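Remarks on the structure that follows.
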Ligand code: HEM
């Protein structure tokens, strides 16, 4: 359970992300795909992209980054009371997209790295710890839904 102070750190940096949702979404997906190429293979939509320059040039990738970060921002702003938001997301990611929980750990690392690069003054160690806690809570609650549906592993 995050404290109120932890949530305030999380949402303070998140409000900075929302100044450039699409740039952050590109940076995060590109970091994910470069750091963990197995993740790119899960996207029929993107798996033709073979270089970082091609990834940066893809408008469709930039659009999907906005989709992802909009969904995540709506979850963070619930401060833990996010059951309604996680149901469809766990269902699609477990049963249609076939995304292991471990790949959610990978994208969480990419999000933290990009926030640290773009917002160092609002993403000191206290805020890094709080965002890690928030992303852990996200993964815990998604993993419980995966387990229900027979996909935790
Ligand atoms: C912060 C974590 C993530 C969030 C908030 C998120 C959110 C979303 C949303 C909102 C959609 C469209 C609606 C839906 O299908 O449910 C989507 C689609 C999808 N996501 Fe995620 N996602 C996350 C992580 C991942 C990861 C780590 C992967 C793969 C390694 C992945 C793979 C996919 C795929 C394959 C689609 C379908 C893309 C298409 O063909 O249109 N997601 N995601």
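By Swiss-Prot numbering, chain A shows 2-154, in order.
Cβ atoms here come from the backbone N, Cα and C positions, even for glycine.
Here's what Swiss-Prot has on this protein:
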- 65: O2 binding site (BINDING)
- 65: nitrite binding site (BINDING)
- 94: heme b binding site (BINDING)
- 2-148: domain 'Globin' (DOMAIN)
- 4: phosphoserine (MOD_RES)
- 68: phosphothreonine (MOD_RES)
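The structure, with features from Swiss-Prot marked on it.
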residue	record	DSSP (3 states)
4	phosphoserine	coil
65	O2 binding site	helix
94	heme b binding site	helix
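It is 15 Å from the Cα atom of the residue listed as 'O2 binding site' to that of residue 94 (heme b binding site).
All protein chains included, the residue listed as 'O2 binding site' registers 17 other Cβ atoms within 10 Å of its own Cβ. Around the residue listed as 'phosphothreonine', a 10 Å sphere centred on its CB holds 11 further CB atoms from the protein chains shown.
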